[PDB]
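Presented below is the structure to which this report refers.
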Amino acid sequence: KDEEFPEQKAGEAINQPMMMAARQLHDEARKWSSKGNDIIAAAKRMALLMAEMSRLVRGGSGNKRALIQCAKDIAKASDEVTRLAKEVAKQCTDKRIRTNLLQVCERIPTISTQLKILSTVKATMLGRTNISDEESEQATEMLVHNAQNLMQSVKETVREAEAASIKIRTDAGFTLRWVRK
């Protein structure tokens, strides 16, 4: 059914924080079936792409273009998540839940744009042993922080969209399919 996620190695959280952030999104999205639910499909795609970004930043100058494209792909998926979350908010009859859902999903676009910017920075840095240790470390920290914020925001968006899909005045067939996997 779903694609498998990379095996977790000892020390992943500290050594590969973007992989851990990606794993947290995967863990949330895997609770649900992708059939009839493009938010979940997009979220699973995003977690796998971030896993790839994690692998790419540990490489050399040869991964420059791949790193940039990976960020591009992540942003495209994030735009799909935002669009679908907005529709679910529209169908939600609970004003509070609608507001909160819009609140969290509306931030995804800016975070993904920032991800593309920071990925580009790290990309042009890869393999160049002529760069300051401080500059390389801070670029990494910035990208890691942004990846964590994007994964956390998408994770919360999935959660709120699911609860919001129950607060509708039509039958279940008018919105995203939410069936536990």
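Ideal geometry is used to build each Cβ from the backbone, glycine not excepted, and the neighbour counts take in all protein chains shown. Nothing in this text is a laboratory measurement; each read-out follows from the coordinates by a stated rule.
Taking the residues in the range 67-81 that are closer than 14 Å to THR157 by Cα and surrounded by 15 or more Cβ atoms within 10 Å (Cβ to Cβ) as candidates, determine which candidate is farthest from the chain's Cα centre (by Cα).
Residue satisfying both the conditions and the ranking: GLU80.
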From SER33, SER61, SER54, grab the single residue that is in contact with a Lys or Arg (Cβ under 8 Å, 6 or more places away or on another chain) and closer than 27 Å to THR120 by Cα.
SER61
Residues that are farther than 20 Å from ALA66 by Cα and in contact (Cβ under 8 Å) with a residue 60 or more places away in the chain, drawn from the range 125-147
none
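For every residue, the table says whether it meets (1) touching a helix residue (DSSP H, G or I) at 6+ places or on another chain (Cβ under 7 Å); (2) on the phi > 0 side of the Ramachandran plot; (3) among the aliphatic types (A, V, I, L, M).
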residue: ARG58; (1), (2), (3): no, no, no
residue: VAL88; (1), (2), (3): yes, no, yes
residue: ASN100; (1), (2), (3): yes, no, no
residue: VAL104; (1), (2), (3): yes, no, yes
residue: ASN146; (1), (2), (3): yes, no, no
Among the residues of the range 55-81, the number that are in a helix (DSSP H, G or I), among the small types (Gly, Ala, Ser) and in contact (Cβ under 8 Å) with a residue 40 or more places away in the chain is 5
